[PDB]
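Colleague: Here it is, the structure in full.
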Amino acid sequence: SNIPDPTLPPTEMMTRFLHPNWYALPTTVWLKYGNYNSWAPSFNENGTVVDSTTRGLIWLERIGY
Amino acid sequence: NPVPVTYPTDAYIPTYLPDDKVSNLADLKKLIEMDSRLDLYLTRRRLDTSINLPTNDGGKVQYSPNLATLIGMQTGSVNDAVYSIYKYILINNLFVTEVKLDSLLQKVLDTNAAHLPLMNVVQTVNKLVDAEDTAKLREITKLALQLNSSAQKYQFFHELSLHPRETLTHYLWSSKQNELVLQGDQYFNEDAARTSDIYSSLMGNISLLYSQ
Amino acid sequence: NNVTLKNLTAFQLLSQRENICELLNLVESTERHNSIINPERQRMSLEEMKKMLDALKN
Amino acid sequence: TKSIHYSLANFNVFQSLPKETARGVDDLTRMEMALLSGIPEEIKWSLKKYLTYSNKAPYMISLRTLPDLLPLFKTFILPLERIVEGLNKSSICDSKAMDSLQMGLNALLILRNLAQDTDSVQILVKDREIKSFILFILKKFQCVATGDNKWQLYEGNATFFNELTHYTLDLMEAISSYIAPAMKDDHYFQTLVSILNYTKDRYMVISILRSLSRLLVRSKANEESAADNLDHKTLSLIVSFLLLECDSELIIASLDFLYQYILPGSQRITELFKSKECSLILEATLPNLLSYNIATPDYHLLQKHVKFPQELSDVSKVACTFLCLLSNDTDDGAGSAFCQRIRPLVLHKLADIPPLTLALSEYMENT
Amino acid sequence: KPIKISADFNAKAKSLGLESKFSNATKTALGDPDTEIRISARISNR
Amino acid sequence: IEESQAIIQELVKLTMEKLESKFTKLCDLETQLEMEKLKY
Amino acid sequence: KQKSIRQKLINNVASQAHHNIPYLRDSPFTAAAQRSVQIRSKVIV
Amino acid sequence: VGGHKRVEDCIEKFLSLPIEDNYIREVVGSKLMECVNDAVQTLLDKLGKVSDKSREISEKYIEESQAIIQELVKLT
């Protein structure tokens, strides 16, 4: 039946495999407005999952140090 | 369009702290509003306007003896040429508003059509002749998040003082509902998905799949 | 960046437990408070205000 | 195989006679009937499929086509006015509170989706029970924006709160068109003018500027109106967005709002130019906005050794129509002194960009 | 104090149970390109 | 920490008035430049 | 052949994990993400 | 196989054959939060010292917050 024998190198169970717990989630994106702007919005929230200042905390604890 | 970045640019600087225990927070709000007014005056003078060459090496061009009759000069930058030609098309009221070409324009353009768009007119005109601020804005937005963290911990413990019965049952339900989420992806790890131990709801699923 | 449901749900629990286990006085977090108040940033910053305020008078 | 003794499923009277739709209730009636039954874990599916048919086929579940839908959705929307009343303490404490909060946020996003096509928003504005809820959410978000102590956010619930504003604001974009104010002190305008000064995010700033612009049409500027609640603290901000030369969406929204704010009467123009931090911005931005992303002739031959532009951007078109309307104000109002102080700078932009001479016709005929 | 918390994030998680739940994928023993060779050799031998 | 509050209060109170001084002076200079530009 | 059917199960039962698993469906963030996917861009004019 | 059972028994019978386990075996904290989650459960009828302790910790976090703001003023 032309089924590969287990000696061949296709054999591996999971090489690329994503679980919904590992899906990327929509989050607040941060925008840059020049370098002399302090009245600009600097955020863009369209209904993301964190959609608050919690994303800033996540960035603070993991990547901020 | 503004470019998205990979680091938070600003923070909300919360205001649920009691304004009679922590002081000078209004001083911070006044300083931030003043810096918000100290750069609206800079961006304005970055778009500043200047009128320095109405009439006044490749910046100087010698005009032809024909175009020298619509300018009053025989040399000058190309800006003066295109500006003075437009001024001549404007003073003599030649635009059709009821460009209609004049008599001297016939010669300067070498055209007898007596009617030509302005685009072609200026075509014939051409035919005849910074780091440190990013670090400061990341250092400040790296403190308004530490402030936004300590303020959240204060908000939690203060909302725990009032109604502790309501906060503790919420903590115990969040715990019993989050330790379940984290234990939902430990079934697929490539060393327990080929040992036939989890294949003896992964049985009704094959029923739905075969039916599908 | 690159946050996911697991990375977020495991962050909420960490924040809830850091507080609960602190209410029970089981957590010692003095090596975190010795980064805000105890360092000389509480005194040296005041020693910088003590001179900027005087420079702002002339 | 096909035999009576094998199975009794076709004897002589039903083997091709049953209709092609005899397999249960249709996918729409099933949604409508499983929505008023009291069993949970079932509403979480009906409100999932309605949420799907509001982004893949909204013309099928339109409110006008089914005049028994808003009565059902209000049963999930109204309890939010009580849940949102909390959210300053621990209001979610079990698995039945979240079950009634998500079942409400889904019913709110479904209305937010069905409130985008025309001839469907004409049903929300008729029922006061939804406009009152939107006003309530805007009131709470004003309390969050101002900073008063009567209502605090309890940041741990911000996840459930910042997903309600970004839906009610989108419900206001489609509703602000169908209403026109006639009184000075009026909600739906004091809340938006307060939120705009705080929201600090581009999506809300644009949604608010569009809502305010749509709350000033079909009105005359000769009497008290909603346009008198704002002052030189908010107008000194909407015009400041013109200084932001990093995008082509805030500039368009600000120019559109000013064009809608100026349209009626000439006293609006006299009021807009009162301050000395709003005239200095327009005087030094409206000339430069006629050559924004227009590929200037690139005069660079002064350091070396022309290809004049052909079209103009959307921002240049809007700023052109703005100067057109500001041109014909009066012979004494500030609307003419402004266009006169801008002539020696609009002239250079007319000399370097040909196609403006056809669009700036009305501005030139008035000077 | 049986629990000690530091400024970093890994030790903070390690003190609590969540220590190993901040990884995108669980570690493996059969994804090694050597273990699969040995298993394939044993199968070919049988 | 109260000494910090008194010092920050005095420093902010002094800086706001200094900035408003060198802000109105600059606005006056811009007005003079404006009339010197329209005359030209 | 067995490791090519244990791959379709695990790839057709992991994708359907936010609509079947109870403690994963009705949680916060998962519902927020599901709603966020169906936002429907606003009519410009 | 003749056929005396459902069509779906063979699929599971083929998927659940331990044919590679015999050759794989030849080659190859959190206890605190399991008891704290019930110590709080038993703590949950007075709840007086709980609130007093919470207020005592809030008095510390509002102080580290004041220190953070006292530094943000200098940075600004």
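Chain identifiers are assigned as A, B, and so on, following the order in which chains appear in the structure tokens; residues are numbered from 1 within each chain, and ligands are numbered from 1 in order of appearance.
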Show me, as a CSV table (one decimal) with C-alpha atoms, in the first residue's frame, the residues of chain B whose atoms get within 8 Å of chain F, using only C-alpha atoms for the distance check.
Modeller:
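Everything below was put into selection_16.csv:
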```
chain,number,residue,atom,x,y,z
B,23,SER,CA,0.6,64.4,48.1
B,24,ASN,CA,2.1,66.2,45.1
B,27,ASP,CA,2.0,68.6,41.1
B,31,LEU,CA,4.0,69.3,35.3
B,34,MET,CA,2.9,72.0,31.3
B,51,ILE,CA,8.8,84.7,3.2
```
Colleague: At a cut-off of 7 Å, which residues of chain D touch chain G? Count only C-alpha atoms and give the answer as a PyMOL selection string.
Modeller: chain D and resi 55+113+116
Colleague: Using DSSP assignments from the backbone, pull out every residue in chain E that falls under alpha helix (DSSP H) and give it to me as a ChimeraX atom specification.
Modeller: /E:10-15,35-45
Colleague: To one decimal place, how far is CA of residue 44 (chain D) from CA of residue 94 (chain D) in Å?
Modeller: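 CA of residue 94 (chain D) lies 16.9 Å from CA of residue 44 (chain D).
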Colleague: Give me, as a VMD selection string, the contact residues of chain B against chain H at a cut-off of 9 Å, counting only C-alpha atoms.
Modeller: chain B and resid 17 to 18 21 to 25 27 to 28 31 to 32 35 136 139 to 140 143 to 144 146 to 151 153 to 165 168 to 169 172 175 to 176 194 to 200 203 206 to 207 210
Colleague: Can you spit out the residues from that selection as a CSV table (one decimal), in the first residue's frame, using C-alpha atoms?
Modeller:
```csv
chain,number,residue,atom,x,y,z
B,17,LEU,CA,-5.2,57.0,45.1
B,18,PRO,CA,-6.6,59.1,48.0
B,21,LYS,CA,-2.7,60.7,51.9
B,22,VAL,CA,-0.4,60.8,48.8
B,23,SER,CA,0.6,64.4,48.1
B,24,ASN,CA,2.1,66.2,45.1
B,25,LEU,CA,0.3,64.0,42.6
B,27,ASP,CA,2.0,68.6,41.1
B,28,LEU,CA,2.8,65.8,38.7
B,31,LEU,CA,4.0,69.3,35.3
B,32,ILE,CA,2.7,66.9,32.7
B,35,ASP,CA,5.2,69.8,29.3
B,136,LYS,CA,13.8,59.5,28.3
B,139,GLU,CA,12.4,55.7,31.2
B,140,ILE,CA,9.4,57.8,32.2
B,143,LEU,CA,8.0,54.5,36.0
B,144,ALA,CA,4.4,55.4,35.3
B,146,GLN,CA,5.6,50.9,38.2
B,147,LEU,CA,3.4,53.5,39.7
B,148,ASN,CA,0.5,51.9,37.8
B,149,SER,CA,1.4,48.6,39.5
B,150,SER,CA,1.8,49.8,43.1
B,151,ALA,CA,-1.5,51.7,42.7
B,153,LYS,CA,-1.8,46.6,44.6
B,154,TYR,CA,-3.0,49.4,46.9
B,155,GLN,CA,-6.4,49.2,45.1
B,156,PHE,CA,-6.5,45.5,45.8
B,157,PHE,CA,-5.6,45.6,49.5
B,158,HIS,CA,-7.9,48.6,50.1
B,159,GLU,CA,-10.8,46.8,48.4
B,160,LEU,CA,-9.9,43.9,50.6
B,161,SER,CA,-10.2,45.9,53.8
B,162,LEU,CA,-13.7,46.9,52.7
B,163,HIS,CA,-15.8,43.8,52.0
B,164,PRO,CA,-13.2,41.1,52.7
B,165,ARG,CA,-15.9,38.5,52.4
B,168,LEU,CA,-11.9,36.4,49.2
B,169,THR,CA,-14.7,34.4,47.5
B,172,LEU,CA,-11.0,31.5,45.5
B,175,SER,CA,-8.1,30.3,41.6
B,176,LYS,CA,-10.5,27.4,41.0
B,194,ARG,CA,2.5,8.6,20.8
B,195,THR,CA,2.7,6.3,23.9
B,196,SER,CA,-1.0,5.1,23.5
B,197,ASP,CA,-1.8,6.1,27.1
B,198,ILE,CA,-4.3,8.9,26.2
B,199,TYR,CA,-6.0,6.9,23.5
B,200,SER,CA,-7.4,4.2,25.8
B,203,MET,CA,-13.2,9.0,21.8
B,206,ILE,CA,-13.5,10.6,16.5
B,207,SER,CA,-17.2,9.9,16.3
B,210,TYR,CA,-15.9,10.5,11.2
```
Colleague: Using only C-alpha atoms, which chain D residues lie at most 12 Å away from chain F, written as a VMD selection string?
Modeller: chain D and resid 276 to 277 280 283 to 284 340 to 345
Colleague: Output the selection as a compact mmCIF listing (two decimals), in the first residue's frame - N, CA, C and O atoms for each residue.
Modeller:
```txt
# COMPACT_ATOMS: atom_id res chain seq x y z
N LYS D 276 -5.77 83.19 21.34
CA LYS D 276 -4.47 83.45 20.73
C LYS D 276 -3.57 82.22 20.81
O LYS D 276 -2.34 82.34 20.77
N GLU D 277 -4.17 81.05 20.93
CA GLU D 277 -3.49 79.77 20.81
C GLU D 277 -4.21 78.86 19.85
O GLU D 277 -3.78 77.72 19.65
N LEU D 280 -3.09 81.12 16.09
CA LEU D 280 -1.68 80.94 15.76
C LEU D 280 -1.40 79.54 15.23
O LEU D 280 -0.38 79.34 14.57
N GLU D 283 -3.07 79.62 11.51
CA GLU D 283 -2.27 80.49 10.66
C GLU D 283 -0.98 79.84 10.20
O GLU D 283 -0.44 80.23 9.16
N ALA D 284 -0.47 78.86 10.95
CA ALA D 284 0.81 78.25 10.64
C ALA D 284 0.64 76.77 10.34
O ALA D 284 1.63 76.03 10.32
N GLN D 340 -6.93 86.89 4.79
CA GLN D 340 -6.03 87.93 4.30
C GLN D 340 -4.63 87.78 4.88
O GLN D 340 -3.65 88.08 4.20
N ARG D 341 -4.52 87.32 6.13
CA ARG D 341 -3.20 87.06 6.69
C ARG D 341 -2.57 85.79 6.13
O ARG D 341 -1.38 85.56 6.34
N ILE D 342 -3.35 84.96 5.43
CA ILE D 342 -2.85 83.73 4.84
C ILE D 342 -2.54 83.85 3.35
O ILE D 342 -1.96 82.92 2.77
N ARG D 343 -2.90 84.97 2.71
CA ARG D 343 -2.66 85.12 1.28
C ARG D 343 -1.19 85.02 0.89
O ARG D 343 -0.87 84.25 -0.03
N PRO D 344 -0.25 85.72 1.54
CA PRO D 344 1.15 85.63 1.11
C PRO D 344 1.80 84.28 1.36
O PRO D 344 2.97 84.10 1.01
N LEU D 345 1.08 83.34 1.95
CA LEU D 345 1.60 81.99 2.15
C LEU D 345 0.85 80.96 1.32
O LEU D 345 1.44 79.95 0.94
```
Colleague: Residues of chain D that have any atom at most 6 Å from an atom of chain A: could you tabulate them with the shortest-distance atom pair and the distance in Å to one decimal, using only C-alpha atoms, ordered by chain and increasing number, as CSV?
Modeller:
```
residue,atom,partner,partner_atom,distance
D:159,CA,A:50,CA,5.7
D:163,CA,A:47,CA,5.9
D:200,CA,A:41,CA,4.3
D:201,CA,A:43,CA,4.3
D:202,CA,A:41,CA,5.1
D:203,CA,A:44,CA,5.6
```
Colleague: Taking only residues of chain A that have an atom at most 9 Å from an atom of chain E, what is each one's shortest atom pair and its distance in Å to one decimal, using only C-alpha atoms, in chain and number order, as CSV?
Modeller:
```
residue,atom,partner,partner_atom,distance
A:6,CA,E:40,CA,6.6
A:7,CA,E:40,CA,5.4
A:8,CA,E:40,CA,8.3
A:9,CA,E:37,CA,8.9
A:11,CA,E:36,CA,8.0
A:12,CA,E:31,CA,7.2
A:13,CA,E:31,CA,8.3
A:14,CA,E:31,CA,8.0
A:15,CA,E:31,CA,7.9
A:18,CA,E:25,CA,8.9
A:21,CA,E:24,CA,8.9
A:22,CA,E:24,CA,6.5
A:61,CA,E:9,CA,6.6
A:62,CA,E:9,CA,6.5
A:65,CA,E:8,CA,7.2
```
Colleague: Could you write those residues out with N, CA, C and O atoms, as a compact mmCIF listing (two decimals), in the first residue's frame?
Modeller:
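Full text of out-v8.txt as output:
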```txt
# COMPACT_ATOMS: atom_id res chain seq x y z
N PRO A 6 8.56 2.55 9.30
CA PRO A 6 8.98 3.47 10.37
C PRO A 6 10.46 3.84 10.35
O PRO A 6 10.87 4.68 11.15
N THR A 7 11.26 3.23 9.48
CA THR A 7 12.67 3.61 9.41
C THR A 7 12.86 4.96 8.74
O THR A 7 13.82 5.67 9.04
N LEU A 8 11.94 5.35 7.86
CA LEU A 8 12.08 6.58 7.11
C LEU A 8 12.00 7.80 8.02
O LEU A 8 11.45 7.73 9.12
N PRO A 9 12.53 8.94 7.57
CA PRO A 9 12.64 10.10 8.46
C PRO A 9 11.43 11.02 8.44
O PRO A 9 11.52 12.14 8.98
N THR A 11 8.94 10.20 10.27
CA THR A 11 8.52 9.95 11.64
C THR A 11 8.94 11.02 12.63
O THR A 11 10.13 11.20 12.92
N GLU A 12 7.95 11.72 13.16
CA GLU A 12 7.98 12.58 14.33
C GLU A 12 6.55 13.02 14.56
O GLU A 12 5.83 13.29 13.60
N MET A 13 6.15 13.10 15.82
CA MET A 13 4.72 13.28 16.07
C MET A 13 4.30 14.73 15.95
O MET A 13 3.27 15.03 15.33
N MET A 14 5.06 15.65 16.52
CA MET A 14 4.71 17.07 16.51
C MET A 14 5.98 17.88 16.28
O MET A 14 6.82 17.98 17.18
N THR A 15 6.11 18.46 15.09
CA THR A 15 7.18 19.40 14.79
C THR A 15 6.66 20.83 14.84
O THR A 15 7.20 21.67 15.57
N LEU A 18 0.31 24.07 17.11
CA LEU A 18 -0.13 25.20 17.92
C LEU A 18 -1.44 24.84 18.61
O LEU A 18 -2.34 24.28 17.98
N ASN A 21 -4.39 27.68 23.36
CA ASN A 21 -3.74 28.38 24.46
C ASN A 21 -2.45 29.06 24.03
O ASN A 21 -1.94 29.90 24.77
N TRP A 22 -1.91 28.71 22.86
CA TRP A 22 -0.71 29.34 22.34
C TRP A 22 -0.99 30.26 21.16
O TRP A 22 -0.04 30.76 20.53
N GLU A 61 6.89 43.62 33.61
CA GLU A 61 7.48 42.57 34.43
C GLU A 61 8.34 41.62 33.61
O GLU A 61 9.42 41.21 34.07
N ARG A 62 7.90 41.26 32.41
CA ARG A 62 8.67 40.30 31.62
C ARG A 62 9.83 40.98 30.90
O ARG A 62 11.00 40.64 31.11
N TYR A 65 12.60 44.35 32.53
CA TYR A 65 13.79 44.15 33.35
C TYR A 65 14.78 43.20 32.67
O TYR A 65 15.96 43.52 32.54
```
Colleague: From a backbone DSSP assignment, name each residue in chain B labelled strand (DSSP E or B), as a PyMOL selection string.
Modeller: chain B and resi 4-5+61-62+75-76+100+115
Colleague: What does the distance between CA of residue 246 (chain D) and CA of residue 43 (chain B) come to in Å, to one decimal place?
Modeller: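 Atom-to-atom, CA of residue 246 (chain D) and CA of residue 43 (chain B) are spaced 11.7 Å apart.
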Colleague: Check the smallest atom-to-atom distance from each of B:126, B:93, B:6, B:74 to chain C using only C-alpha atoms, then report the winner.
Modeller: B:6
